[PDB]
């Protein structure tokens, strides 16, 4: 309703509560605070314009204000129509961030707002899922030479960007922030493990313990979801298409079976494949009455909703973020968060300390593009490992943890080859 040239938000008067959310989580993001203190002294982004597509909650807002405190002019659009937190977005507009996002946006508004954030003519694109980078190449080619580079936050976006590189139609360098150690080993695994179950408990008020929990995919996200489910008392069943990862899951104490077999016995289904149609018609037909389904991957195509809609004679909404599909035989299957990332739609996303480390890497990626975009080709690059090591050492210092250091004798010993028995 408060919609103009410089922003489009639901209600500017929600800003006071948004500021409190941003201030609260920033108390627990020491790595990004450390970087912000530097950005304020050196203003490395003076004159630089930055367009961002991220999940617009209070940790994201602190990243954007950090970039703004480094002197950047910043625009923002939502990365998912339903992950936007309206009060936080109101606070970003009052701060001078050109943010275009209303929670519950239509698909068309999603793209209209993404285009409005692009109007800033960014030198740097910060993206989560690669929609903005894809949109620039497909509908806004008039500004590619202005773009120094982009960065991509999540696995599904990195896969899209690499296919763009393979097809030769990527036109500027992108940093695969998702591919950094301090990202996928912590965000994808520990962050999703906690916040997926946070979201599922919040939407349902159901018991995890003594449930058959079916985790589809045992990559970084899935093994984190499986680890925390087990930690909450569930019997965990893992579905994989990779035989090495299936054996890993067995060795971790989990049942491994295929999707039809898992569909007969699961109580709670969570998808984390990054793929399309992992759960479709013939799986829904086998599910027990009252089964709960949730998706943790980036796009809502992992649980195939049109198959659910075709099976159902009634579609009801008994709770916020719970869609009920009632089948011909009377069975009711429940889909959480409309099949979209359950941690960000039913809850508050990853915890503050996790996003601290991811978004610290995003800030260093943006600084990396600024400094090196002339040396880079239109390809997908990974940040140098020294940036991972810097982030880890700042985190450990803020926890009061001191680790052993290699002695010079040890350094020589590991580089040598004559010291056998």
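Positions refer to the first chain, counted from 1.
For the pair 377 to 385 and 28 to 36, the mean B factor over Cα atoms is greater in 377 to 385.
The PDB entry records a higher mean C-alpha B factor for 138 to 146 than for its counterpart among 319 to 327 and 138 to 146. Residues shown: 179, 261, 248, 86. Highest C-alpha temperature factor in the entry: 179. Highest CA B-factor among the listed residues (350, 116, 202, 183): 116. Among all modelled residues in its chain, residue 396 ranks in the middle third by Cα B-factor.
Compared with the other modelled residues of the chain, the Cα B-factor recorded for residue 111 ranks in the highest third. Remark: residue 366 belongs to the middle third of its chain, ranked by C-alpha B-factor as recorded.
Ranked against the other modelled residues of its chain, the C-alpha B-factor of residue 402 as given in the entry falls in the highest third. Residue-level temperature factors show residue 172 in the highest third of its chain, judged at the C-alpha atom.
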